[PDB]
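# once you've seen the sequence and the experimental structure below, I've got questions.
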Amino acid sequence: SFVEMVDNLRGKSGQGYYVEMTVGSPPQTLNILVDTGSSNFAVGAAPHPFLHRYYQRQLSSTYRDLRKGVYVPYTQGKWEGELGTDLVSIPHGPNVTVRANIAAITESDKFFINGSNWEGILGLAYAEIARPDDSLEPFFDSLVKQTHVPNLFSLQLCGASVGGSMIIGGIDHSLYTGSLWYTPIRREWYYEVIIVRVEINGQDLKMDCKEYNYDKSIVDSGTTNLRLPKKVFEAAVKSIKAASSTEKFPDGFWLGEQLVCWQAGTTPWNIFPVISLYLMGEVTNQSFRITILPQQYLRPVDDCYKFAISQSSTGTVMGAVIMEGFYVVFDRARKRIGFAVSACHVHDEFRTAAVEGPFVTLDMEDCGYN
Ligand SMILES: O=C(N[C@@H](Cc1ccccc1)[C@H](O)CNCc1cccc(C(F)(F)F)c1)c1cc(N2CCCC2=O)c(=O)n(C2CCCC2)c1
């Protein structure tokens, strides 16, 4: 049913992926960044030098003021504004119209990005993390309640400027090859999962697995990098350095401070290691792994790249670095996230991104922090 949604996503580099939407009556058109790591629907609603277009409440006859402000701070950027509801559609989405909560963004800081082509943000996670609180129903919850759209969506982010698909209401077999493998959502707030082992070039990092999920581990289409807790990050960087020691790089590279260059075509991919995350599976003592290549974690901007693994103090964030290799299925109805090899992933002639299992892992519940 879903060819109509294929290729409904666009963007630039590490400036997020966006889908076209309409708000209000008559329909105003905006591009909205798709964000599995938050839960507020919000839109530019006033002049800003990075916005070429914005939402104008005056001239929608279906607007309703809710007379309540709201504030949202992210790992990067923050904004405040004014709540209301309005009628909203997704043109290359399902043929439906819904009445959703919408934040009209009045002030903001280091949120909007110059030349980005998007004007708001569609928070696809659960109510538990909506500002101002619980009770502001997120967009997808309204969609599901107000229509007959099944309670799942799936994302295929291609890292080629950049493109992909958001299939709302199901799964499209043309976007992946191999099998889908599934991990439980641990709790409905973020799309929280449990990582149970980490390998770099087939070698185990040998930490207490609690450290991998310290605070929490989440899947987040609105974050660029693979972000890793302090302890895990360093250990990761040590192993990555050693396997690539055949050449040396500035300390500022490993910190994302720098950038690193080679003769167009000549990038020494092979000297760089494969990274595997093992995730909790669906059956007793059962896990599977996702493997990424350096083409995913060295992101391009002589051909030059930035190291897109970085430190975090709020847990693991599996952003675009992770997602670009896979088709990712957010199966809210069964509380699980599926991974499969994406049909648009960047091939090495020697190696591939992979989703593999089953494997056996004991005490998987114990890997989650409390
Ligand atoms: O924090 C970021 N993403 C937000 C959403 C967002 C989109 C566009 C601009 C700014 C922010 C995600 O929502 C983060 N989810 C985790 C989260 C942390 C804190 C609070 C919340 C919540 F729920 F309250 F919103 C959620 C973030 C974080 C980024 N960073 C900073 C260090 C490495 C990295 O990937 C980043 O590069 N981006 C890029 C800018 C455009 C999108 C990719 C974004």
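Yep, that arrived. Numbering: from 1, shown residues only.
# alpha carbons only for contacts and neighbour counts from here, please
OK.
# so which residues of this protein form helices?
For the chain, helices defined by DSSP state H occupy the ranges 139-146, 230-243, 251-254, 294-297, 320-323.
# count the residues that sit near residue 61.
12 (other Cα atoms under 10 Å).
# residue 354 reaches residue 290, doesn't it?
Yes: with contact defined as Cα atoms under 8 Å, residue 354 counts as touching residue 290 (5.7 Å).
# looking at those two, which is more packed in?
A direct count of neighbours by other Cα under 10 Å for residue 354 and residue 290 places residue 290 higher, at 22 against 19.
# can you pull up the bridge partners for that one?
Following DSSP bridges, residue 290 is listed with bridge partners residue 277, residue 355.
# same question, residue 31
Under DSSP bridges, the beta-bridge partners of residue 31 are residue 20.
# number of residues surrounding it?
The tally of other residues near residue 31 (other Cα under 10 Å) stands at 25.
# check residue 211 too.
Neighbour tally, residue 211, other Cα under 10 Å: 21.
# follow-up on the earlier one: and the helices of the chain, which is most packed in?
Highest mean neighbour count among the helices of the chain (mean count of other Cα atoms under 10 Å): helix 320-323, with a mean of 26.
# who does that one touch, helix- and strand-wise?
Helix 320-323 sits against strand 153-158, strand 226-229, helix 294-297, with contacts defined as 3 or more Cα pairs under 8 Å, 6 or more residues apart in numbering; DSSP states H and E.
# distance to the ligand added to these, as a markdown table?
What follows is these, written out as a markdown table (distance: least, Cα to the nearest ligand atom, whole Å):
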| stretch | distance to the ligand |
| --- | --- |
| strand 153-158 | 13 |
| strand 226-229 | 7 |
| helix 294-297 | 11 |
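# out of those, nearest to residue 91?
With Cα to Cα as the criterion, residue 91 lies closest to strand 153-158 of these, at 16.1 Å.
# so what touches that closest one?
Strand 153-158 has contacts (Cα atoms under 8 Å, 6 or more residues apart in numbering) with 17, 163-171, 175, 320, 323-331, 342, 344-345.
# ok, stretch 329-344 next?
For stretch 329-344, contacts defined as Cα under 8 Å, 6+ apart pick out 151-156, 158, 171, 174-186, 290, 324-328, 353-355.
# return a ChimeraX selection command for the buried portion of those.
Applying 16 or more other Cα atoms under 10 Å to those, the buried members can be selected in ChimeraX as follows:
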select :151,152,153,154,155,156,158,171,175,176,180,181,182,183,184,185,186,290,324,325,326,327,328,353,354,355
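# rewinding a little: now render the helices of the chain as a markdown table, adding distance to residue 32.
Shown next, in a markdown table, are these (distance: least, Cα to Cα, whole Å):
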| stretch | distance to residue 32 |
| --- | --- |
| helix 139-146 | 12 |
| helix 230-243 | 31 |
| helix 251-254 | 32 |
| helix 294-297 | 24 |
| helix 320-323 | 17 |
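# so what's residue 214 closest to, chain neighbours aside?
Distances taken as Cα to Cα, 6 or more residues apart in numbering place residue 315 nearest to residue 214, at 5.2 Å, with adjacent residues excluded.
# counting neighbours, what do you get for that neighbour?
So residue 315, with other Cα under 10 Å, has 20 neighbours.
# just residue 27 next, same as before
Residues lying near residue 27 (other Cα under 10 Å) number 14.
# from the ligand, how far out is it?
Here the criterion is Cα to the nearest ligand atom, to the nearest Å. By it, residue 27 lies 24 Å from the ligand.
# so that residue versus residue 33, what's the distance?
Separation of residue 27 from residue 33 (Cα to Cα, to the nearest Å) stands at 18 Å.
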